[PDB]
Each structure stands twice: as C-alpha cells, then as structure tokens.
Amino acid sequence: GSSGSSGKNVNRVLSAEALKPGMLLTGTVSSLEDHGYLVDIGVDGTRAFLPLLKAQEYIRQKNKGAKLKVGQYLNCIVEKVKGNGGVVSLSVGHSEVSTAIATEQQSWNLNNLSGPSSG
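In this text, residue positions in the sequence shown follow the authors' numbering: the first is 179, and each later residue adds one.
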C-alpha cells in the first residue's frame with residue numbers, strides 16, 4: 179500500500195569521518211599558536227585548529243583582548259570535516275552543560291607579566 183523509510187541505522191558508525199558540521203562540543207585550549215589556537219577534542223590523529231578571526235573575536239569580547247590560557251574552556255562547533263581527518267574547522271557558536279576536564283596531574287605556571295594595552 180504505502181512505502182516505508184528506515185529510521186535510524188542498525189549499527190552506529192560514529193566515525194571521525196561520519197562526523198557532521200553542526201555538532202556542539204566543548205573543547206579546551208591545548209596551546210597558543212601564532213596562526214590560531216589548538217582545541218582539545220580527545221582524538222588520536224584528528225587535529226582541531228581555530229582561526230584567529232574567530233578566536234580573537236571571542237577573546238577580545240571576552241578577555242577584553244588578552245592572551246588565553248592552557249586547559250582553558252572554550253566554546254567551539256564543528257563547521258567543516260576533512261576527508262582523511264586532516265584539519266577540523268571549529269567556530270564559536272554557543273556553550274553547553276556537557277563538559278569534561280582533561281588533566282592527569284596538578285601543575286600550573288603562574289607569572290605576573292604585564293605590558294602595553296589600550297582600552
């Protein structure tokens with residue numbers, strides 16, 4: 179009588195390649211780069227980089243324009259996915275309750291450094 183469309187898939191793929199642009203995931207800054215900022219996602223092989231245009235925009239509006247820190251929580255959303263998991267495109271869209279910390283031990287470097295800045 180009437181056709182039928184299969185709902186969900188039998189066996190989930192959840193593959194680094196199966197990923198789709200639009201998923202909200204909370205990432206943490208691993209290190210500060212000259213071209214952008216590295217975001218921790220917890221994956222082997224997959225690298226996530228953030229553009230200075232988006233990163234600087236969030237920092238300027240957040241840290242009134244001030245360098246970020248390590249292991250710091252930063253909002254990021256998948257905008258594009260690479261074929262061979264080469265480079266991932268992240269962008270600031272919104273935060274989410276879901277958040278996990280990535281630390282094996284307690285250690286931090288606190289240095290009271292100052293410099294030029296305009297308000």
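C-beta atoms are modelled at their ideal positions from N, C-alpha and C, and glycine is treated no differently.
- Task: Below 7 Å CB to CB, which residues in the same chain sit around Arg225 once its five sequence neighbours on both sides are set aside?
- Result: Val265 and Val266
- Query: In whole angstroms, what separates the C-alpha of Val256 from that of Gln250?
  - Reply: 19 Å
- Query: Quick one: complete alpha helix (DSSP H) runs, 4+ long, within the stretch 234-274?
  - Reply: none
- Determine, using beta carbons only, whether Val221 and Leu228 come nearer to each other than 8 Å. no
- Item | 6 Å CB neighbourhood of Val270 in its chain, flanking five on each side removed | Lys232, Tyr236 and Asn253
- Query: When you compare only the Cα positions, how much space is there between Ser273 and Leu203?
  - Reply: 8 Å
- Item | Selected residue, minimal CA-CA separation from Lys260, among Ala196, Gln234 and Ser183 | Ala196
- Task: Taking only the alpha-carbon atoms, compute the straight-line gap between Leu268 and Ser180 and give it to the nearest angstrom.
- Result: 42 Å
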